[PDB]
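Everything on this sheet refers to the single structure shown next.
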């Protein structure tokens with residue numbers, strides 16, 4: 001029943017220091033299993049960084065070493081990660097886990113993303129896409145929100161505050177020529193439902209602390 | 001550092017069929033080997049405790065076997081939900097390492113893309129930039145062709161495409177192509193069209209709007 005969640009800055013300039021903290025709930029680190037940090041770059045394999053024993057013992061992976069330090073704050077039930085002299089390679093999602101025993105990790109964190117760029121943060125604009133004009137057809141139609149010009153990733157989109165989750169496709173972002181991420185999230189609904197049912201996209205952006213909601217109408 | 005090597009690195013299988021993945025190790029790891037399942041945008045999931053011990057929640061279809069240098073994970077019957085990438089990692093010795101990963105794609109019977117086209121928002125026209133998107137809803141295989149026509153003129157270099165991961169339920173891909181134009185150039189034209197070419201389609205399908 002142990003749960004782990006990682007939180008920290010979304011973006012870090014190169015040649016700086018990466019700092020992350022994993023929060024454990026339902027079990028005190030001071031007793032029991034040792035706790036680890038694992039990272040995974042986009043579209044690549046998992047890499048094991050190191051761990052901290054309940055005892056306060058710490059050991060690291062030989063590669064990436066001299067940049068990595070792991071510490072904990074038992075009072076807050078937390079164990080933190082620090083990476084220094086960060087480059088573009090260090091851009092990855094970071095995981096919290098539990099060594100458990102026999103060196104297999106049964107419990108993983110939600111995972112947080114960190115991207116290494118000198119660029120500043122925005123600032124997404126949310127534009128609605130208009131559903132099909134054929135309401136007489138009675139068949140399935142599709143609408144969606146357009147999320148454009150934000151940095152960095154990720155952004156979270158939900159429909160009707162999580163009430164509508166079926167038939168929803170949120171495309172992975174792509175880097176525009178402007179240097180800003182952009183994506184579209186669409187959902188298919190019965191054409192007959194358009195008049196009676198209202199559809200709203202719930203867009204949220206953590207780095208720029210932006211929260212935009214948009215109604216979709218013909 | 002012990003190095004694990006998985007095979008195949010990529011795999012495409014038909015539903016309800018046997019799936020096998022091998023994990024060879026630099027040094028004999030004896031009993032100590034584990035298997036993980038990682039669906040997109042999610043944390044890896046424990047499939048198999050050391051050797052082949054099931055995990056408390058993993059279906060009977062999922063299994064495993066091995067000792068020494070060689071280990072094999074087997075999926076007795078491939079299901080729609082199984083669409084993910086699988087990693088093997090060793091627990092014998094520090095530093096801990098993971099496999100190269102094995103992506104498994106479900107080969108479902110061919111289906112035609114449902115195509116929709118969206119005009120740029122009036123709120124976006126004020127910005128001075130116009131974005132037109134063409135939607136290719138659910139379609140297998142992933143291979144597809146999108147052509148943008150402005151007043152029956154082929155456009156190039158102004159379109160960007162995004163493809164989603166395989167669906168957990170229907171195992172179908174989805175594609176979105178975005179056409180970006182300035183308001184100045186957007187309004188010096190009348191007809192905008194999206195041309196889709198897929199295996200499911202007998203002939204290329206074009207969805208267009210005016211004004």
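Protein chains in written order, with the deposited numbering: chain A, 1 to 218; chain B, 1 to 211. Note that the Cβ used here is the ideal one computed from N, Cα and C, for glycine as well.
Here the C-alpha atom of residue 176 of chain A lies approximately 7 angstroms from the C-alpha atom of residue 182 of chain A. Within chain B, no C-beta atom comes nearer than 8 angstroms to that of residue 58 of chain A; the closest sits roughly 12 angstroms away. When the Cα atoms are used, residue 70 of chain A and residue 56 of chain A turn out to be separated by approximately 10 angstroms. Residue 87 of chain B sits close to residue 36 of chain B, with the two beta carbons spaced by under 7 angstroms.
If you draw a straight line from the Cα of residue 193 of chain B to the Cα of residue 203 of chain B, it is about 16 angstroms long. Here the C-alpha atom of residue 174 of chain A lies approximately 11 angstroms from the C-alpha atom of residue 152 of chain A.
Interface residue (Cβ-Cβ distance to chain A less than 7 angstroms): residue 86 of chain B is not classified as such. For the pair of segments examined, the stretch 36–49 of chain B was found to touch the stretch 62–75 of chain B: the number of CB pairs separated by less than 8 angstroms reaches three. In the three-state reduction of the DSSP assignment, residue 126 of chain B falls in the coil class.
131, 133, 135, 137: these are the residues of the stretch 129–150 of chain B whose beta carbon lies less than 8 angstroms from some beta carbon of chain A, given in chain order.
With a 10 Å radius around the Cβ and a threshold of 16 neighbouring Cβ atoms, residue 89 of chain A comes out exposed. Apart from the 5 residues on each side of it in sequence, residue 1 of chain B sits with its Cβ closer than 8 angstroms to the Cβ of 95, 97 in its chain, given in chain order.
Listed along chain A are 104, 105, 106, each with a C-beta nearer than 8 angstroms to that of residue 46 of chain B.
When rounded, the separation of the alpha-carbon atoms in residue 74 of chain B and residue 18 of chain B is 7 angstroms. Listed in chain order, the beta strand (DSSP E) runs fully inside the stretch 119–200 of chain B are 129–139, 145–150, 159–163, 173–182, 192–197, counting runs of at least 3 residues. DSSP places residue 16 of chain A in the coil class of the three-state scheme, outside both helix and strand. With distances taken between CA atoms, residue 189 of chain A lies nearest to A/140 out of A/202, A/216, A/211, A/140.
Check the Cα spacing between residue 113 of chain A and each of A/94, A/101, A/126: the tightest is with A/94. Of the candidates A/137, A/210, A/107, the residue whose Cα lies closest to the Cα of residue 23 of chain A is A/107.
Put simply, of A/66, A/92, A/217, A/172 the residue whose alpha carbon is nearest the alpha carbon of residue 196 of chain A is A/217.
In chain order, 45, 46, 47, 48 make up the part of chain A whose C-beta sits under 8 angstroms from the C-beta of residue 98 of chain B.
In terms of Cβ geometry, residue 123 of chain A and residue 184 of chain A do not form a close pair [threshold 7 angstroms]. In this structure, the beta-carbon distance from residue 126 of chain A to residue 147 of chain A falls below 7 angstroms.
Only those residues of the stretch 45–72 of chain B whose C-beta falls short of 7 angstroms from the nearest C-beta of chain A are listed: 46, 49, 50. The beta carbon of residue 207 of chain A sits closer than 7 angstroms to those of 10, 11, 121, 152, all from its chain and outside the five residues before and after it, given in chain order. The alpha-carbon of residue 125 of chain B is positioned some 15 angstroms away from that of residue 190 of chain B. Against chain B, a Cβ distance below 7 angstroms from residue 132 of chain A picks out 116.
For residue 12 of chain B, the enclosing beta strand (DSSP E) starts and ends at 10–13. Among the CB atoms of chain A, none fall inside 7 angstroms of the CB of residue 204 of chain B. Rounded to whole angstroms, the gap between the alpha carbons of residue 25 of chain A and residue 59 of chain A is 23 angstroms.
The C-beta distance from residue 177 of chain B to residue 150 of chain B rounds to 14 angstroms, too long to fall under 8 angstroms, and the pair is not in contact. Using beta-carbon distances, residue 123 of chain B counts as an interface residue toward chain A, with a partner under 7 angstroms. Minimum Cα-Cα distance from residue 154 of chain B among the listed residues B/48, B/206, B/27 corresponds to B/206.
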